[PDB]
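Q: Sequence below, structure please.
(2 chains, ligands or ions: 2)
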Number of protein chains: 2
Amino acid sequence: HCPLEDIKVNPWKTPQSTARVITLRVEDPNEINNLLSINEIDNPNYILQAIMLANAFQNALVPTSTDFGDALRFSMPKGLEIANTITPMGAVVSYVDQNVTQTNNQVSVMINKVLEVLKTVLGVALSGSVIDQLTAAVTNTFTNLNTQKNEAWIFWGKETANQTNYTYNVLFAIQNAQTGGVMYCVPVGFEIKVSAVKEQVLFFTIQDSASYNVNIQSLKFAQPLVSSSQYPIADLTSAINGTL
Amino acid sequence: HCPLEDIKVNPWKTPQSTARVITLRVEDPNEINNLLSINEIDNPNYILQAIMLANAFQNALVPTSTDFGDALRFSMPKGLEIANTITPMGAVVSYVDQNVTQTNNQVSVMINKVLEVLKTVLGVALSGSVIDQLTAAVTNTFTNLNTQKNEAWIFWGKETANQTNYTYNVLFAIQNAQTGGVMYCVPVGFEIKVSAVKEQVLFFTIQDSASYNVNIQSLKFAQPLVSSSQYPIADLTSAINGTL
Ligand code: NA
Ligand code: NA
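A: Residues are numbered from 1 along each chain as shown, chains lettered A, B, ... in the order given. Ligands and ions are numbered 1, 2, ... in the order given. Let me share the structure:
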C-alpha cells in the first residue's frame, strides 16, 4: 500500500496551529463591560489578570460628542489617567490618537491602514505573536457587523442618508514568550465615519468600496505577571462579573 | 438646553446587549484541541464544565476518507460512543448526520440552510438564546476563512482546480435560563466540498456564489450542571490544557 517517498521539505509552508480557541459570551454580567476582550495567552493562569485589565479600562470609555452621536469609545487621555490608578502598578509603553482616512478604496485597504497603526503600537515582535487575532479583530471592526450590531462593544451614532457613525471598542491582552514577565494590554477605541447607510454597512465585506474618516485611540500597558492558579474559580467568576 | 419629550416607545427596536464577550487563544496547549469552543453562559462557574465537554468530544473527531483528503471531523457515531463514557452521566437528546447541497446560490443561502439544520438540533428556545453566536459561527464556517485557514479546527482536504475540500469543527456549550439545571453541548463536524479553488474560498464572502455539497454531523448532549466556584483556578488551567 504505496512506497514511502523521501521528504520534500517546503520551508515556507505554514504548519497548522496547535492554539486552542475558546469564546465566552457571558449573558447578564453583574457589571457591564463594553470592551470586546481578545486574549492571546500561553499560560491560562494569567486569564484572571487579563480580565481585570479589561475591567479597569472600561472606566476609560467616554461618550462621543453629540454631533457624532450617542456612543461610547475608549479614550487614550482617560486611559492614561486610569492606567496610573491600576494595581499592581504597570507602565504605559505607548499611546496613539491618530486619524485615518481613505477615499473610494476597498474596505480591505482601510483594514490594512488600521493594522499599520496598531502594529506600530504593538511592535514587530508583539504584532507577530498575535497577527491572526489582530487581523481578524480589525477585519471585524469594518465588516461582519450584522451579527455584532447589537453587541456591547459597538455603538451606533448619527445615521444620515450618506454617512454612518459608529464606535467600536476592542481590548487585546497578550502574554506569551514575546512578553516575558509582563502582560501587555492594548485597548482600542474606534470612532468611525463611513460613506454608506447603516443597512449597507451591516453587510459590508472586505471587497466593498467606501470612504472612511476614522479616529483611532489606543495605549499599550505593561503589567508584571501575577499567576492566579491558587485562587478559587469564584474569583475568576467575580472578575468576569466585574465585582472582584 | 432642550425640552424633554414624551416617550415614543418602539417595541420592535432591539436594545443593545449587556453580554460580555471574551475570546481566549491559548498558545501551545499541553494537549491539542481541534474544536472551536463557543460558549453561551450566564454563570461563569460553569465554564470549566463547558471546557471539559469540549475536551471529551475531541475524542469523537475522526479522519475523513482518503478521497476527501487528510482532515479531521467530528463524527456523530463516534460522538454517541464518547457520550456514554462521559462523567457526570448525561443524555444524548438529539443527533444528526445530514447532507446539504445547493447549486449556484449565494453563500448566504448555504449559511441559512446549515442554520436550519442546527436550529432543528437546538430547538426554538435554545436557538433563540444563542442566535447571534450561532449565526456568526455558521457564517465563519463558509466565510472569513483567511484568518482561520491555519487554525486548529479547520482542515484542508483535496484541492483541485474546480473544487476545495475542507472540514470545520465547532462546539457550542450553552448554559442559561433556557437550559435550567443542565448545560447543553452541541459539537458540529462539517465536511465541505465547494466549487472554487482554495485562493477564492479563503476570501469568500456571504455575497459570493458557489455550489456546495456539505455533510453535517452533530449531536446535542445534556449534562447536569456542576459548579466549579470552589475549585482552584489551576483546575481550569488544567481543563484548558486538557490535563485535568
Ligand atoms: Na443576528
Ligand atoms: Na492572517
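Q: From residue A:54, how far out is residue A:243?
A: Here residue A:243 is placed at a distance of 14 Å from residue A:54 (Cβ to Cβ, to the nearest Å). C-betas here are computed from N, CA, C, even on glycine.
Q: what about those two, which has more around it?
A: Between residue A:243 and residue A:54, counted using other Cβ atoms under 10 Å in any protein chain shown, the more crowded position is residue A:54 (24 against 11).
Q: Can you say which helix or strand has that one in it?
A: Secondary structure assigned from DSSP states H and E places residue A:54 in helix A:47-57.
Q: what about the residue lying closest to residue A:26 once chain neighbours are set aside, distance to residue B:9?
A: By the measure of Cβ to Cβ, 6 or more residues apart in numbering or on different chains, the closest residue to residue A:26 outside its immediate chain neighbours is residue B:20, 4.3 Å from it. Noted for residue B:20: a distance of 27 Å to residue B:9, by Cβ to Cβ.
Q: How about residue A:83?
A: According to Cβ to Cβ, residue A:83 and residue B:9 sit 41 Å apart.
Q: Between the two, tell me which one has more neighbours.
A: Between residue A:83 and residue B:9, counting by other Cβ under 10 Å, residue A:83 is the more crowded of the two (21 against 5).
Q: doesn't that one fall inside a strand?
A: No: secondary structure of residue A:83 (DSSP: H, G, I helix; E, B strand; the rest coil): helix, not part of a strand.
Q: Next one: residue A:45 from residue A:87, what distance?
A: 19 Å.
Q: Ignore what I typed, I meant residue A:200.
A: From residue A:200 to residue A:87 the distance is 45 Å (Cβ to Cβ).
Q: Of those two, which one has the most company?
A: residue A:200 (13 against 8).
Q: Now do the same contact list for the spatially closest residue to residue A:86 that is not a sequence neighbour.
A: Spatial nearest neighbour of residue A:86, chain neighbours left out: residue A:56 (5.1 Å); criterion: Cβ to Cβ, 6+ apart. Residue A:56 is in contact with A:82, A:85, A:86, counting by Cβ atoms under 8 Å, 6 or more residues apart in numbering or on different chains.
Q: Separate out the buried members of those residues.
A: Buried by 16 or more other Cβ atoms under 10 Å in any protein chain shown: A:82, A:86, out of the contacts of residue A:56.
Q: In TSV, list the contacts of residue A:56 along with distance to ligand 2.
A: TSV is the format used below for those (distance: Cβ to the ion, whole Å):
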residue	distance to ligand 2
A:82	31
A:85	36
A:86	31
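Q: Which of the contacts of residue A:56 sits closest to residue A:97?
A: Proximity to residue A:97 was ranked across the contacts of residue A:56 by Cβ to Cβ; first place goes to residue A:82, at 15.2 Å.
Q: any idea how far residue A:176 is from the closest residue to the closest one other than its chain neighbours?
A: Of all residues not flanking residue A:82 in the chain, residue A:60 sits nearest, at 4.4 Å (Cβ to Cβ, 6+ apart). Shown here: residue A:60 relative to residue A:176, a distance of 24 Å by Cβ to Cβ.
Q: More neighbours: which of those two?
A: Using other Cβ under 10 Å as the criterion, residue A:60 and residue A:176 rank with residue A:60 on top: 24 against 20.
Q: is it true that the more buried one touches residue A:79?
A: Yes: the pair residue A:60 / residue A:79 is scored as a contact, 4.1 Å apart, by Cβ atoms under 8 Å.
Q: between the two, what contacts are shared?
A: Common neighbours of residue A:60 and residue A:79 (Cβ under 8 Å, 6+ apart) are residue A:187.
Q: Tell me the backbone dihedrals of the residue nearest the centre of chain A, please.
A: Nearest to the centroid of the C-alpha atoms of chain A, with distances taken as Cα atoms, centre = their mean, sits residue A:170, at 3.2 Å. Dihedral pair for residue A:170: phi -130, psi 140, per degrees, to the nearest 10.
Q: Could you do residue A:2 as well?
A: Main-chain dihedrals, residue A:2, degrees, to the nearest 10: phi 90, psi 100.
Q: And residue A:80, by the same measure?
A: The phi/psi pair for residue A:80 (degrees, to the nearest 10) is phi -60, psi -50.
Q: wait, doesn't it sit right on residue A:95?
A: Yes: in this structure residue A:80 lies within contact range of residue A:95 using Cβ under 8 Å: 6.4 Å.
Q: ok, and what's touching the top helix by length along chain A?
A: Among the segments of chain A that qualify as a helix by DSSP state H, the longest is helix A:107-122. Applying Cβ under 8 Å, 6+ apart, the contact partners of helix A:107-122 are A:94, A:96, A:98, A:100, A:102, A:127, A:130, A:134-135, A:138-139, A:141-143, A:184, A:186, A:188, A:190, A:204-210, A:212, A:214, A:216, A:218-220.
Q: Of these, grab the buried ones for ChimeraX.
A: This is the ChimeraX syntax for the buried subset of those, where burial follows 16+ other Cβ under 10 Å:
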select /A:100,102,127,130,134,135,138,139,141,142,143,184,186,188,190,204,205,206,208,209,210,212,214,216,218,219,220
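Q: Filter the contacts of helix A:107-122 to keep only those in contact with ligand 2.
A: With Cβ under 5 Å from the ion as the criterion, the contacts of helix A:107-122 include residue A:135 near ligand 2.
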